[PDB]
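Since the structure comes first, as structure tokens, the remarks are kept for the end.
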Amino acid sequence: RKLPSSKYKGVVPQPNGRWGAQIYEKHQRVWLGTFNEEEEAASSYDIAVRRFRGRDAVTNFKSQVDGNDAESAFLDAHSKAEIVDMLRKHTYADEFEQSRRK
DNA sequence: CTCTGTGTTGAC
DNA sequence: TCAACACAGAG
């Protein structure tokens, strides 16, 4: 009945078998949403930590070796709140697509 | 009604 | 900074 833990950083079990994501900023936990797939929570955490802590931060799936790309552009052109809301609303990929329609 | 995500606590 | 766990209260 104890919930399963995640290999990945910032990912927690949700009681229904789903997964939640969270980033810590100072003393405060910032919820990043809930997700059906553990990998999806992990990816959301990666996006959030690149926006909160920069291109050289430790990710679940990301390189650390790409300093200046379109993702850094899209993240820098948006507030922290807007990225968190995109992740919680599952709209990040769509917004990034329409952004680089430029 | 369902079930997120906040409150809280304790390791590190 | 971080997650584990219970369950207030958001939707």
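Just remember, in the structure tokens the first chain shown is A, the second B, etc., residues are 1-based per chain, and ligands are 1-based in the order shown.
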So that I can check the surroundings of residue 7 in chain B, please list as a PyMOL selection string every protein, DNA and RNA residue that reaches within 10 Å of it, counting only C-alpha atoms (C1' of nucleotides) and ignoring chain neighbours fewer than 2 positions away. (chain B and resi 5+9) or (chain C and resi 6-8)
Residue subset to file, keeping C-alpha atoms (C1' of nucleotides), as a compact mmCIF listing (two decimals), in the first residue's frame:
```
# COMPACT_ATOMS: atom_id res chain seq x y z
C1' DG B 5 -1.20 19.23 -4.32
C1' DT B 9 8.01 16.51 9.03
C1' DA C 6 -1.86 12.10 5.36
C1' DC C 7 -5.90 14.21 3.99
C1' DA C 8 -7.94 19.45 3.58
```
Neighbours of chain C in chain A at 12 Å, counting only C-alpha atoms (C1' of nucleotides), as a list in words: residues 1, 2, 3, 4, 5, 6, 7, 8, 9, 10, 11, 12, 13, 14, 15, 20, 21, 22, 23, 24, 25, 26, 27, 28 and 29 of chain A
Counting only C-alpha atoms (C1' of nucleotides), a student should be able to say which residues of chain B come within 10 Å of chain A; what is the right answer, written as a PDB file with N, CA, C and O atoms (P, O5', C5', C4', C3', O3' and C1' of nucleotides), in the first residue's frame?
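Final output, saved to result11.pdb:
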```pdb
ATOM      1  P    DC B   3     -10.373  10.126  -9.957  1.00  0.00           P
ATOM      2  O5'  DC B   3      -9.339  11.084  -9.210  1.00  0.00           O
ATOM      3  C5'  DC B   3      -9.033  12.355  -9.769  1.00  0.00           C
ATOM      4  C4'  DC B   3      -8.109  13.147  -8.860  1.00  0.00           C
ATOM      5  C3'  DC B   3      -6.892  12.381  -8.334  1.00  0.00           C
ATOM      6  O3'  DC B   3      -5.825  13.280  -8.196  1.00  0.00           O
ATOM      7  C1'  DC B   3      -8.053  13.235  -6.547  1.00  0.00           C
ATOM      8  P    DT B   4      -4.468  13.096  -9.030  1.00  0.00           P
ATOM      9  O5'  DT B   4      -3.985  14.604  -9.259  1.00  0.00           O
ATOM     10  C5'  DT B   4      -4.899  15.558  -9.803  1.00  0.00           C
ATOM     11  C4'  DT B   4      -4.979  16.813  -8.942  1.00  0.00           C
ATOM     12  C3'  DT B   4      -3.649  17.504  -8.646  1.00  0.00           C
ATOM     13  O3'  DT B   4      -3.859  18.907  -8.666  1.00  0.00           O
ATOM     14  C1'  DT B   4      -4.717  17.027  -6.629  1.00  0.00           C
ATOM     15  P    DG B   5      -2.692  19.907  -9.120  1.00  0.00           P
ATOM     16  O5'  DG B   5      -2.032  20.358  -7.736  1.00  0.00           O
ATOM     17  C5'  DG B   5      -2.817  21.053  -6.767  1.00  0.00           C
ATOM     18  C4'  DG B   5      -2.150  21.037  -5.400  1.00  0.00           C
ATOM     19  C3'  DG B   5      -0.619  21.156  -5.412  1.00  0.00           C
ATOM     20  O3'  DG B   5      -0.184  21.800  -4.225  1.00  0.00           O
ATOM     21  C1'  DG B   5      -1.201  19.233  -4.315  1.00  0.00           C
ATOM     22  P    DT B   6       0.068  23.383  -4.182  1.00  0.00           P
ATOM     23  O5'  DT B   6      -0.349  23.779  -2.690  1.00  0.00           O
ATOM     24  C5'  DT B   6      -1.700  23.625  -2.268  1.00  0.00           C
ATOM     25  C4'  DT B   6      -1.787  23.246  -0.794  1.00  0.00           C
ATOM     26  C3'  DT B   6      -0.690  23.808   0.111  1.00  0.00           C
ATOM     27  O3'  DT B   6      -1.247  24.059   1.394  1.00  0.00           O
ATOM     28  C1'  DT B   6      -0.681  21.493   0.280  1.00  0.00           C
TER      29       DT B   6
END
```
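Secondary structure by DSSP on the backbone puts the following residues of chain A in strand (DSSP E or B): residues 11, 12, 13, 19, 20, 21, 22, 23, 24, 25, 28, 29, 30, 31, 32, 33, 34 and 35 of chain A.
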The distance between CA of residue 39 in chain A and CA of residue 61 in chain A is 9.2 Å
Separation of CA of residue 71 in chain A from CA of residue 100 in chain A in Å: 9.7 Å
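Pairwise distance (CA of residue 97 in chain A, CA of residue 70 in chain A) equals 10.5 Å.
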According to DSSP computed on the backbone, where in range 37-81 of chain A is there alpha helix (DSSP H)? Give the residues as number ranges by chain. A: 38-53, 70-76, 80-81
